[PDB]
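**Q**
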Amino acid sequence: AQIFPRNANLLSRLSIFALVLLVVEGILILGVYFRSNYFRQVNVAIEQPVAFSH
Amino acid sequence: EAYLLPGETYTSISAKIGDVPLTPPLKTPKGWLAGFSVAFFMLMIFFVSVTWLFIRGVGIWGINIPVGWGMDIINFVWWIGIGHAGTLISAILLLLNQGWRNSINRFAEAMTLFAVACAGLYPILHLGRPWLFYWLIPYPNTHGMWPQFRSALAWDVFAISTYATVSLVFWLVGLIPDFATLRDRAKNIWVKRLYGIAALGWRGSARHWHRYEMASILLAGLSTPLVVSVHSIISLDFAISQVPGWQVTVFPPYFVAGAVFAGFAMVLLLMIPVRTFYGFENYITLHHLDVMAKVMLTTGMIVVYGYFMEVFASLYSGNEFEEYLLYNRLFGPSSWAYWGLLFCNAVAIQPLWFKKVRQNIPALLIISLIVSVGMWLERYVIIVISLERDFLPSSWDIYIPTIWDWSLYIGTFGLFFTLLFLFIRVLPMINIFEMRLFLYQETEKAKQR
Amino acid sequence: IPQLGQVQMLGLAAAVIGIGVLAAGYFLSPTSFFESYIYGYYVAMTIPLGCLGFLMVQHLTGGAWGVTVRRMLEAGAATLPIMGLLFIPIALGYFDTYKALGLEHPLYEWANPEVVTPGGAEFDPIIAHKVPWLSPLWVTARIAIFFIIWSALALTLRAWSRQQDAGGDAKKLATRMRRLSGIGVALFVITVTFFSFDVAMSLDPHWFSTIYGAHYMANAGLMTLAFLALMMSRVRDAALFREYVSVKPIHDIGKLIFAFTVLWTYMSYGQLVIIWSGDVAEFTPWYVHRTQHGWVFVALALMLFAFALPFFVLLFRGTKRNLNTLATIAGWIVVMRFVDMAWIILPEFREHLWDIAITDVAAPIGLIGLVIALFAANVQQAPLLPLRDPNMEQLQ
Amino acid sequence: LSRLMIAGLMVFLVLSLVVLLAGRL
Amino acid sequence: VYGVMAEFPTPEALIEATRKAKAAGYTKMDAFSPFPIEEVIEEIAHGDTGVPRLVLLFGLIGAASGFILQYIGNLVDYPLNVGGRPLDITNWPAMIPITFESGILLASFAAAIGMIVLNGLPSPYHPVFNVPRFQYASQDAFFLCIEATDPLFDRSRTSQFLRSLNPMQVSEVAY
Amino acid sequence: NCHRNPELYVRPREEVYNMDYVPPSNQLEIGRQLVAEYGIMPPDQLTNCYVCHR
Amino acid sequence: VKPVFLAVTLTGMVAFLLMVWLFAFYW
Amino acid sequence: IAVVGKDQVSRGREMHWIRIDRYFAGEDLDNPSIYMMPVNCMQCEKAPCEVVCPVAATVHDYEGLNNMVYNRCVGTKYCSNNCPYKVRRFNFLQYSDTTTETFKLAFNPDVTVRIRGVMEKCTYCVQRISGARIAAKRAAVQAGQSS
Ligand code: HEC
Ligand code: HEC
Ligand code: SF4
Ligand code: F3S
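Residue numbers (the working numbering), protein chains in the order written: chain Z, 1 to 54; chain P, 1 to 449; chain E, 1 to 396; chain F, 1 to 25; chain R, 1 to 175; chain X, 1 to 54; chain S, 1 to 27; chain C, 1 to 147.
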């Protein structure tokens, strides 16, 4: 009550919670990128110079 | 002698330790600016050294095929050993109920965190493929590969990580009450709310000090075997190998004693100017320096005991390789480091036995400097000399360090001192609530006569 | 005081029983007598040496636990000269007294003329390489010099502690003992390390360990700490403890027992992992014999009964504050310490768990009984807790 | 408060399911 | 409405004042001091902190997790033979360090986080701070407060009881 | 995955053609028999590093 | 209080399912 | 195997998987008997170089061979300090040629060309062992023997 509003007690705890979620989301995004079909070029029909149809 | 001399008051401790921080930026003393300028210059030397090491490679050092570990490991063991004494002061003395840890635990622990931060770069810098350091960490990968966990470098990764994290959370727990005292004296509104969220709104009260004291007791009781096991693992990395000079069974305690030896030397070297510059002669008295030099002398004697055990082992066994190890140390091409070892950490530590020398400040500064040089020479003798001449005589060569690993050394000194100068500028360098509690305890003791 | 007399009578009865069955085993077999007497001397030496070391350590760093058992540490350390006379039988073994007393071959390998002399029938170059150092004259001289140092330190400290009860306790008789303990600590570390090298490690001249000896100091420290906790529980109502001793010294000694238990486990594991991972053939035969012919079961029992069980029990704030519970744990620790020394010394002789004879159990009890009897006589000689001591204020 | 924490959880669950779908897109 | 304040000047006065209360029967009272008094602490907060049980639980989990990770990783999932070292439980050497370090980490984290959570420490705002001289509470200026949650709920009598005790200043702390 | 558990993916030598061929319902029994008949080595060797990397 | 303990519990298992999916049955 | 300069050999960074050692021994030492001895990887069944690499880049093979995998080495250089015979060579810098086209044409396509920061040692010419094993397995299944 000296230098802080009343809502800060809730915000501070919520901020710590939000921080943990953001950290977990960061690792998640990292792993999804290194296993995606764009990074590994999976299910991507690479265009050939002569357009050969198997 | 007494550990707290004058008739200090709780407000005397609060104002005297709080006046070092919270000083307006335009009122910063010129000595801090000169020291920070020197530390920043050496930090730029560090940046140039690391940049060139990344661009060219670890081949810029003097490491070769026989000596695959040079100063990139010596400076690592030296730095990681510097923080053992501060961890002992901030944790072991808390369990021992020693009253001379109240005025130096904050600065010492800060030295541990900064020394661990400096030592944490060599395991990445010396890698040769540094960006793959995370392969030593058990992480989910697209391959299915695990670290070996039977090598000592895997133990080393887990040890440094645990040591750094536990020392950081213990330091922050100890800083919380000082954060509260700072946000109570911060005056300015935006200097407040910064220490306020750092103090987490401490509101120093009962039902809170009880859990604080018990958690601090548990944390110190846990961090004591932590730092012991850390330096024991930094000893195991050489002791696990088959190198004649490296497979020595007394390495774990010898390394622990040597770490706290060099740590007390660095702490005395860095706390004497801190004591004599700020008006802290009432808190860091001469009895502090006396007992610290006594602990340093005891650890140095344990190191000399380790020297004798190595010599007895070389003379006791009939192995050609232990005998040649002793001969290569005594009269080899690198015998200069062994002679400097024997002069520094064995002859120069003897004057600490007496009382007049133990109460002299310049003698303590010179002895601490000589001890630090001898500790670097001891790590050199253990690693380089033993690695130069192995079992096959054809695989013998000499190790000559280059300029870049030296540049990394001075650079690590600059980063260490930059972090220390920032710490003494922002945060209080002496734990305040522990000092006023010590004053209250001395008042109660004088009441009971 | 009456409890101390009962302990003295029990120690005398255990000593005379052990000596009697030891003499019976000697008449049945003269060699096995000396083989067990070495182990008994090694295990009984831990109480006086650990008492002297802890006395000098608590003098350097004064505390409440140090003032609580200062007189008990002095009484335990004052038994060292009698222990030196008890070394005479072992010295007779490795001297020319063999071929008499029933010893066909000398008690130690480095004392057999067929081994250390070049051109002998059993010449071993590794053992003979140490022929000037490992000699009966040199070993006896080193042992006698160590005993002169130990007896001089213990008797001088005890004499100064007795004089402290007369006058001048603040200016002198407290700083003098501190400085003597300061130099004595380094002296005691060197002497005990080489004593452990000479008596026990020299049984197999093919193997050496640098950490060894320091393992012996931590082992002797744990034994004398559990012994102090037992004797504190015995004399807890001597009208001197009741008025000057609280639960804080008992809690500190319990914490010291816990710290020395994890310290001993840390040293033993350190030696094991260093020898295990580096599979050098010059250090492997030691851990081969201790893991063979059933000796592995002894090591596993030490791993659990002497580490995990004490570590978890003493982890709690209780069981160390209560003197009764701490004494019960100390008794289990003492029993385990006996087995640990058996695991280190007995394999060299018996080479089988079943080959362990009755004398291997007789000698430890027979010699510790004499140690307890002399300790009880020395503690009844003088009053406990030196009232005239500047550190006595730490008990308030 | 549990309401805000559950709300922040449902947001993290939605964001992650979108990221997981974008990986196998 | 939250409570009343005392602002006792010396630490010994806070001890005596807290002992004057409780005897009166006032409960749910807390005392604020710059340093742990160790005398007020035993009067109003005697019992288990709750930190130890968290440390032991997480520490044993940490040690078990480290041993399980090593055994599964190198002796089950991918059984690599390295230097002829055993792939059985006979590889129990070289599994102690990782296990020990993992247990210490979890136990230490639990103690620090537990002290914060158990105390409800993340509280930047508290009604107590509204009292003007509580800014000086960190520099001397010891305090004592009786909350409205006290069953007595005396209000003015509580202020008068605090006035009977010797206060530098009595204040009515509000939300 | 195949090197450690080849019973699930082995086929009875109709690989060049029979793109329409699909694993039979009793693939485990047929797979174990095919591994024994063709002498597919156990996972101890097939998981070695030098089988692939050199 | 008890509500937020349940909230930080559901948050934890949510993350585990998320993470376990990515590092196991994802590819 | 790459070719380093004279400057890199002066610092003891020659890359050779096999070496011959002469030892000039005997009386006089001015008319000495010369003893030539070839040394490569001994392929130790209990290889001390494998119990020290934290990333498991050096393991043992089913056939008793010592597998040294380049793409896993992080370069701790500990695998060499524990080698009693010192038969492991490290790419302290970038030694393999990249720009010259003719040198790229000389490389053997069955062996990876090492980059900076990895270790090398004698592999019993594993490319020939793998080729013979594959040929033996293929000849065994084509005849229906599973031998
Ligand atoms: C024996 C224990 C090993 C070791 C030490 C490594 N492998 Fe493998 N590997 C195989 C394939 C097809 C790849 C390509 C992966 C991809 O493209 O995503 C790999 C890759 C690796 C790596 C990663 C290299 C890098 O990221 O730079 C590593 C570190 C590695 N390997 C080491 C194939 C196999 C295989 C099946 C035939 C087996 C068995 C191994 N590898 C074994 C090992
Ligand atoms: C299942 C469809 C498989 C996939 C996916 C991969 N491999 Fe394999 N491999 C498979 C079989 C049935 C065999 C025969 C085993 C035997 O003992 O005959 C193999 C074997 C190999 C070999 C040769 C074995 C040897 O001893 O030299 C190699 C070199 C090999 N496999 C490599 C390899 C690589 C690199 C793969 C990923 C791209 C891979 N295989 C996948 C079945 C299957
Ligand atoms: S690299 Fe050295 S230690 Fe390893 S297998 Fe080859 S010779 Fe043996
Ligand atoms: S230590 Fe290992 S990481 Fe490479 S340098 Fe040796 S194979």
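Ideal Cβ placement from N, Cα and C applies to all residues, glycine included.
Using a cut-off of 9 angstroms between C-beta atoms, extract the partners of residue 59(Z) located in chain F.
**A** Given that chain Z is displayed from residue 1 to residue 54, the structure contains no residue 59(Z) and the question cannot be resolved.
**Q** Residue 171(R) lies in the beta strand (DSSP E); which residues open and close that run?
**A** Counting along the chain, the beta strand (DSSP E) containing residue 171(R) begins and ends at 171 to 173.
**Q** Measure the C-alpha to C-alpha separation of residue 39(R) and residue 15(R) and round it to an integer number of angstroms.
**A** Approximately 6 angstroms, taken between the alpha carbons.
**Q** I think residue 37(X) touches residue 147(C), with their Cβ atoms under 8 angstroms apart; what is that distance to the nearest whole Å?
**A** About 12 angstroms; that fails the 8 angstroms criterion.
**Q** For the segment 34 to 57 of chain C, which residues have a CB atom closer than 8 angstroms to at least one CB atom of chain E, in sequence order?
**A** Flagged, chain order: 46, 48, 51.
**Q** Give me the Cα-Cα distance between residue 392(P) and residue 85(C), rounded to the nearest whole angstrom.
**A** Looking at the two C-alpha atoms, the distance is approximately 6 angstroms.
**Q** Can you give me the start and stop residues for the beta strand (DSSP E) that residue 79(C) sits inside?
**A** Segment 78 to 81 is the alpha helix (DSSP H) holding residue 79(C); no beta strand (DSSP E) there.
**Q** Which of the three DSSP states, helix, strand or coil, is assigned to residue 158(R)?
**A** Residue state, collapsed to three classes: helix.
**Q** What are the residues that DSSP puts in a beta bridge with residue 60(C)?
**A** BP columns for residue 60(C) point to 66(C).
**Q** Is residue 144(R) helix, strand or coil when you go by DSSP?
**A** The answer is strand: DSSP assigns residue 144(R) an E or B state.
**Q** Taking 7 angstroms as the cut-off, decide whether the C-beta atoms of residue 69(E) and residue 228(E) are in contact.
**A** Yes, these two residues count as a Cβ contact at 7 angstroms.
**Q** Could you tell me the alpha carbon to alpha carbon distance between residue 106(P) and residue 270(P), rounded to whole angstroms?
**A** Each residue's alpha carbon lies about 13 angstroms from the other.
**Q** If we cut at 7 angstroms on Cβ distances, does residue 26(C) have a partner in chain P?
**A** No, its Cβ sits nowhere closer than 7 angstroms to a Cβ of chain P.
**Q** Using a Cβ-Cβ cut-off of 6 angstroms (strictly less than) and excluding sequence neighbours within five positions of residue 9(R), which residues of its own chain qualify?
**A** Result list for residue 9(R): 168, in chain order.
**Q** Counting pairs of Cβ atoms below 8 angstroms between the segment 212 to 219 of chain P and the segment 110 to 117 of chain R, do you hit three or more?
**A** Yes, the segment 212 to 219 of chain P is in contact with the segment 110 to 117 of chain R.
**Q** Tell me which residue opens and which closes the alpha helix (DSSP H) that residue 295(P) is part of.
**A** Residues 286 to 316.
**Q** Between 153(E), 362(E), 297(E), 338(E), which has its C-alpha nearest residue 55(E)'s C-alpha?
**A** Minimum Cα distance to residue 55(E) is reached at 153(E).
**Q** Taking the C-alpha atoms as reference points, what is the distance between residue 42(E) and residue 200(E)?
**A** Roughly 8 angstroms between the two C-alpha positions.
**Q** Does any heavy atom of ligand 3 sit closer than 6 angstroms to the C-beta of residue 66(C)?
**A** Flag set: Cβ of residue 66(C) near ligand 3.
**Q** Using 7 angstroms as the threshold, is the C-beta distance between residue 77(R) and residue 10(P) below it?
**A** It is not a contact, given that the beta carbons lie outside the stated cut-off.
**Q** Let's test the definition: count the other Cβ atoms within 10 Å of the Cβ of residue 123(C) and tell me whether it reaches 16, buried, or not, exposed.
**A** Residue 123(C) is buried by the Cβ-count criterion.
**Q** Please confirm whether residue 115(E) and residue 122(E) have their CB atoms less than 7 angstroms apart.
**A** For residue 115(E) and residue 122(E), yes; Cβs fall inside 7 angstroms.
**Q** To the nearest angstrom, how far is the alpha carbon of residue 85(R) from that of residue 352(P)?
**A** Approximately 47 angstroms between the Cα atoms of the pair.
**Q** Distance, Cα to Cα, residue 81(P) vs residue 258(P)?
**A** When rounded, the distance between both Cα atoms is 7 angstroms.
**Q** For the segment 21 to 50 of chain P, list the beta strand (DSSP E) runs that are entirely contained and at least 3 residues long, ordered along the chain.
**A** Entirely contained in the segment 21 to 50 of chain P, not one beta strand (DSSP E) run reaches 3 residues.
**Q** Within a Cβ cutoff of 6 angstroms, which residues of the same chain sit near residue 185(R), ignoring the five residues on either side of it in sequence?
**A** No answer is possible for residue 185(R): the residues shown for chain R start at 1 and end at 175.
**Q** Please confirm if residue 31(Z) has its CB atom under 7 angstroms from at least one CB of chain S.
**A** Interface residue, yes.
**Q** Leaving out five residues on either side along the sequence, give the residues of the same chain with a beta carbon under 8 angstroms from the beta carbon of residue 20(R).
**A** Cβ within range, chain order: 165.
**Q** How big is the Cα-Cα spacing for residue 190(E) and residue 46(E)?
**A** If I take the Cα positions, the gap works out to 16 angstroms.
**Q** Counting only C-beta atoms, is residue 45(R) closer than 7 angstroms to chain P at any point?
**A** Cβ-Cβ to chain P under 7 angstroms: yes for residue 45(R).
**Q** Who are the neighbours of residue 5(Z) on chain R, taking C-beta pairs under 7 angstroms?
**A** Chain R residues near residue 5(Z): 125.
**Q** Tell me the DSSP secondary structure of residue 214(P) in three-state form.
**A** Residue state, collapsed to three classes: helix.
**Q** What residues are listed by DSSP as bridge partners for residue 89(C)?
**A** Answer is 120(C).
**Q** Rounding to the nearest angstrom, what Cα-Cα distance links residue 343(P) and residue 35(C) in this structure?
**A** Rounded to whole angstroms, residue 343(P) to residue 35(C) spans 42 angstroms at the Cα level.
**Q** Would you kindly report the start and end of the unbroken beta strand (DSSP E) that includes residue 113(E)?
**A** Here residue 113(E) belongs to no beta strand (DSSP E); instead the alpha helix (DSSP H) covers 113 to 116.
**Q** For residue 19(S), which residues in chain Z fall below 9 angstroms Cβ to Cβ?
**A** What residue 19(S) touches in chain Z: 24, 27, 28, 31.
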